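Below is one structure, written out as structure tokens; the observations come after it.
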There are 2 protein chains.
Amino acid sequence: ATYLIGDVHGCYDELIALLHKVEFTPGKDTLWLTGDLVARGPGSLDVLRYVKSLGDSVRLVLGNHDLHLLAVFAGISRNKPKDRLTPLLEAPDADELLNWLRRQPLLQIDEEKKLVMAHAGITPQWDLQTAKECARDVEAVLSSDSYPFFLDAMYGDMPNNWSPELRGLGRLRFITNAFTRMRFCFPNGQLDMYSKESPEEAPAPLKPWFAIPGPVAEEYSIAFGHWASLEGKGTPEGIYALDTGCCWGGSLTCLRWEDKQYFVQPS
Amino acid sequence: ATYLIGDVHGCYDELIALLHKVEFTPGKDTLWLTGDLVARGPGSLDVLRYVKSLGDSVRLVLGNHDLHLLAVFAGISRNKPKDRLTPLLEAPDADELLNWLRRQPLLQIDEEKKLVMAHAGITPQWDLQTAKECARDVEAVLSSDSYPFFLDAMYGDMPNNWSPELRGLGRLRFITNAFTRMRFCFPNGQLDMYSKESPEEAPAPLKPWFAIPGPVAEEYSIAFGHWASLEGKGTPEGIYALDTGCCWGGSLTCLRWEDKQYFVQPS
Ligand SMILES: [Mn+2]
Ligand SMILES: [Mn+2]
Ligand SMILES: [Mn+2]
Ligand SMILES: [Mn+2]
């Protein structure tokens, strides 16, 4: 009755296959999506269409490729035709779908399941309180008339440490990086924005973020998925890596929460 | 014989393998290298040591990563763990190596072979004479005691039109970007610093620099290799894309000039 899927990437067929396999019913059931919905992969259009028709029985979280799509939709970036976003960008429907997308959250918290989902996870460097305020802030900009201006501003790499003093372009850059593109941390809670590899191929000082004990990880389960490289692997208890790289010829993974049962759809 | 090899990203093994395969002999042969000796692969240190030892038998042009390396060495830019430069930087002969690196050219001309090498190529906006001057001008800076000020200055993505009017900070950045970061242009030889994907799967007006008729290409053969996603293919007669992305899953490519024969070393 509660399912958390992981990076769909325009894999509409696979999504609906999994959803049918568990007999998902919008009435009784609820879907958490890790949210790299629209990438490398054919039916990005159908995914967005479907997901949006779920309404309240979907709890989405925005990811790097979702943000990128919005960037191209608003002319901040160029479409890379190999993303296969064109069908969706092309039409009748685009404004409807994309205005909806931008209004979607970056954080999802369920107090009773003691569960937290973000796309990349939660930096050791911040507590839930901070994570909550940072999600609200970026969400506010994304939901605004001036969203194209954020998207453009969001693009940097070079505040690496959270540091409550932080403000302006630096502050939002960091938060966007923490939520939507985080994998490796330096031994302290820093951010590496360049290596995308299985934990034990990573160069010298880089540990995976979840391997650095943090305040949220000691009261809450974390679910996430954008780190395809690690294949939902050597994560400690309470940490669920749902991105098993469906679009890369890997697989789409569903987890039934209440009984912690895994279901798997190949490509 | 004359050999020309593309980006040797710290892939020493492959380089020696490929050089044995042609029985490269520093006595009677000469090696042209494309730049980016030092990026992602495991053995930048050995790559640097070897090529330096070739003296006049080697014929180098600096790439973006060699400059970045320089920048890290001078404490101008932060070191990226992914680059794997530590063994090089920590080496007892680090100073000798890098101080030699600074000294290397950005442009190589041979009149008898009618051949011209630069890391990314030659702007359609440059005639040979200008390309010569700009190369000389940056080399003099790199060569000098005050080179870390330059390395700090190269940073912008733009002035992106050449103009003899250009002076100071703006002049050095353009020419640096033209030699070492160029890929796409506008119908009038203007530099795009943002699309790093292949010509076939790209945005509109932007045509690969070499697609646009220029004074040098009309009179000279051009060898380069920065454009890795170019995958070596789709070039006009007279232009030679040697970067096949060795540190990636790609391969190291060697061209003998007398012969226009290719020898390829997988990674
Ligand atoms: Mn992602
Ligand atoms: Mn993804
Ligand atoms: Mn390179
Ligand atoms: Mn390069």
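Any read-out appearing in this document is the output of simple, stated calculations on the displayed coordinates, not a laboratory observation. A quick note on method: Cβ atoms are made from the backbone with ideal geometry, for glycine too, and the neighbour counts reach across all protein chains shown.
Annotation for A:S163 and A:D110: the two label points, set 7 Å from Cα along the Cα-Cβ direction, are 3.8 nm apart. By the count of neighbouring beta-carbon atoms within 10 Å, fewest first, A:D7, B:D243, B:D95 end up ordered B:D95, B:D243, A:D7.
If you wrap a convex hull around the C-alpha atoms of the protein assembly as shown and split its volume per residue, what is the figure in Å³?
Given the Cα convex hull of the protein assembly as shown, per-residue volume reads 162 Å³.
Given Cα pairs under 8 Å that are at least 6 residues apart, what percent is the relative contact order of chain B?
Details: 529 pairs, mean separation 62.8, N = 267.
For chain B, the relative contact order is 24 percent.
Kindly provide log₁₀ I(q)/I(0) values, in the same order as q = 0.09 Å⁻¹, from the Debye equation applied to equal alpha-carbon scatterers of chain A. Those come out to -0.37, one per q. DSSP loop GluC sites (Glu not before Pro) in region A:174-267 with at most 13 other Cβ atoms within 10 Å of their Cβ, which ones? For GluC sites (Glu not before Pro) across region A:174-267 that sit outside H, G, I, E and B with at most 13 neighbouring Cβ atoms in 10 Å, the list reads A:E200, A:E201, A:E219, A:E237, A:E258.
Going down the table (A:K114/A:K260; A:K21/A:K113; A:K80/B:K196), which pairs top 21 Å between alpha carbons?
Values: A:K114/A:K260 14 Å; A:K21/A:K113 24 Å; A:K80/B:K196 10 Å.
Too far apart for the 21 Å limit: A:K21/A:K113.
Under the Kirkwood approximation applied to all pairs of distinct alpha-carbon atoms, what is the hydrodynamic radius of region B:164-267 in Å? Roughly 15.1 Å, rounded to one decimal.
The trypsin sites (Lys or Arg not before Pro) of region B:1-95 that DSSP puts in a loop, and whose beta carbon has at most 11 other beta carbons within 10 Å, are B:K28, B:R78. The distance separating the Cα centre of region B:201-267 from that of region A:30-102 comes to 36 Å. Estimated from the Cβ-Cβ distance and a Förster radius of 25 angstrom, the FRET efficiency linking B:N188 and B:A74 is about 0.10. Peptide A:193-201 shows a mean partner chain C-beta count of 1 within 10 Å per residue C-beta.
Find the percent of Cα-Cα distances in region A:1-68 that exceed 17 Å, and round it to a whole number. Walk me through the numbers before you get to the answer.
On the way: 766 of 2278 pairs.
Here the long-distance tail beyond 17 Å is 34 percent of all Cα pairs in region A:1-68.
Distances between copies at A:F263, taken between label points 7 Å from Cα along the C-beta direction, are 5.8 nm in increasing order.
Considering only DSSP beta bridges whose two residues both sit in region A:71-222, what percent are antiparallel, to the nearest 5? Could you put the intermediate results ahead of the total?
On the way: 6 of 8 bridges.
Roughly 75 percent of the beta bridges in region A:71-222 run antiparallel, per DSSP.
The same position B:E231 in the other copies lies at 2.5 nm from this copy, comparing label points 7 Å beyond Cα toward the beta-carbon, shortest first.
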